[PDB]
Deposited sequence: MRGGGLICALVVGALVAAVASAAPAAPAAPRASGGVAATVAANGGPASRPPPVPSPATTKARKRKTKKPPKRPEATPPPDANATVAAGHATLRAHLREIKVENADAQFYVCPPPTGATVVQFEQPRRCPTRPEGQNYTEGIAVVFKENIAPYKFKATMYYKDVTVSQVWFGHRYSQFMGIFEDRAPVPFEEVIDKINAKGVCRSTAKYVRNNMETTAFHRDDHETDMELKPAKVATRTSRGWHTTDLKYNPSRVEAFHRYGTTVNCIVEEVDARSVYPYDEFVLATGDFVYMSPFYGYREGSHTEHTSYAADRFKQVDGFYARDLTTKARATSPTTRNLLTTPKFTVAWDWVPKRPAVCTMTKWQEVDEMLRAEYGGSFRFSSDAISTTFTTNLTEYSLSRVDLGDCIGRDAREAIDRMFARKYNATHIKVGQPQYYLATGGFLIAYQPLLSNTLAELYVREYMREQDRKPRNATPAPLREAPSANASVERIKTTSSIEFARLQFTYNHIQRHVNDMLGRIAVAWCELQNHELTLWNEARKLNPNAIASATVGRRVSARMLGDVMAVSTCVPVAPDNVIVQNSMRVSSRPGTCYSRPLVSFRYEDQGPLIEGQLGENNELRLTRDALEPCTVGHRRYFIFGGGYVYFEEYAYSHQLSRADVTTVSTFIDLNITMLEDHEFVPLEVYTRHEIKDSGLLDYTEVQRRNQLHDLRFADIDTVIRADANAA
């Protein structure tokens, strides 16, 4: 056994004194974030159109040209036109009696043109309901057969059909609400909110003033039930060159909003640090980030829905959970969050604690940054709280153990100083140190008996050793941890049953009845551990693959009919099926 050295240091007497470090100032725990309990309503940018109901009144005018051959008949042309019903026929025939006259009279291609149904005299025809289709709105018409002229052989003849159609349609408008489109596909180049009264004349129109009338005190008569309505309304009636549309006039402000309510958060926590507010919601797992200054709702164009929906939702959420435990402090506050979110926040305070330029906000489509800000902060605050508690406990343990190190210096100053300097040293209020030389190739005697005085016998093994090989064998005595002392001064009385292990160079030497028996390895004695185990493993690497529930090619294929692809096929028809180059003379 030679993996361990041996050591000789003299008596420590010198100016090299050393002291232990005194207790350190342990760190203070971080105080913690102060929150404000509160109620929030979160708003996004409105992307939905403004939707309203309208009624179309038009006449399908059809004039056909038939040539009558000997055996057959051939259409030579079919002319289809859409004629608007006049204002006076909507009010005094259709809304009044449920009838429409059999003559269309209208201006077309800068000419007043008239058309009689079946080329017959004018009569009033009853509007009857249309044939039912699924997922269609209601409709009414006057005739269901086309009129074609009767046969006179080898002549061209003409026949006119007039069908008065009334249709209910859905109408859609998008900001700045200068136009709207109907369910037919027909644009109307007038604001839905246009009118002659109540200041509405500032709204857009691109039609002449004789095309627009308003009827106050309008009572709608249902065309199926034949029932007149009980409450009046103001109707806008606009005659276009193809149809006349009718709709209710409403004021623009309580109908339209630039924002729309997205989330109602009953428990919204507000924290202030770093010159910002952090609005955390534990239910939807988001944190929003805003500046300290509130946002003025006078900066939002068409933003009257925001204060209405906020005050209504806050009062429900206060009257559902916070009824007996909290009070509202102040009025609702408005904040613009990063990503384009408007937050209406109502601060609360518990009953225990109560001792004393116009513009458009653009929202992002991905809330994932706010949900990553939540999950990061929730893990960060927990790992900083736990590792800070370990750091205050590690400092307190290392200060508490210093008392055990002061009582152990006086017992064994050799081993305590050699454990706190970093090198084996000798030591003997301060402590004075000395560095040993390191010898090896030591021989041990076989007798622990003092021959001079037979009634005594040495406690520790006798050794003989050499500093280097050119030096004499120095007589000494084996000490603690392979320290070979220079004096033979460890005496003790001789007893019975004497049995000893002593550490001798990487293994134990065994003496029985003051006589050398045999040397051992350390792998012979049973090892007990002073140590407390702690098996910390590392967190392994993980790879995040791209993952989507629908690719962008899937969301575009979800539509039934693609306008770019149908027009690309249809306009290639003469390049596939005709010849556009040849001219016959």
Report summary line: Stretches of the deposited sequence lacking C-alpha coordinates, in sequence order, are 1 to 102, 459 to 487, 560 to 564, 722 to 727
